[PDB]
């Protein structure tokens, strides 16, 4: 298990409030971070906007638009996910 530091960025109006999630890899962490930022009704995935694959970076959530046959849309703003070592 790894720890990751989340900065919701524009999702919290860039207040500087941050939190951590634990996950086995950074893509799983980014999905957990989106659930925490967007709340329990969010079901979807995330994609990477910055950083090396498998490394720290900005991510953006997306999901199926409710009521539509197949429409996928982004939800929320980008957020940062960073590797963090706890002692």
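Residue numbers count along the first chain shown, from 1.
Asker: When the Cα temperature factors in the entry are averaged, is it 62-70 or 18-26 that ends up higher?
Answerer: That would be 62-70.
Asker: Divide the modelled residues of the chain into thirds by Cα B-factor and specify which third, lowest, middle or highest, holds residue 6.
Answerer: Bottom third by C-alpha B-factor.
Asker: Taking the values exactly as deposited, rank residue 36 by C-alpha B-factor within its chain and report the matching third: lowest, middle or highest.
Answerer: For residue 36, whose C-alpha B-factor we compare with every modelled residue in the chain, the answer is the middle third.
Asker: In terms of the chain's CA B-factor thirds, is residue 56 lowest, middle or highest?
Answerer: It falls in the middle third of the chain.
Asker: Going by the CA temperature factor in the PDB record, which third of the chain does residue 85 belong to: lowest, middle or highest?
Answerer: Tercile = highest for this residue's CA B-factor.
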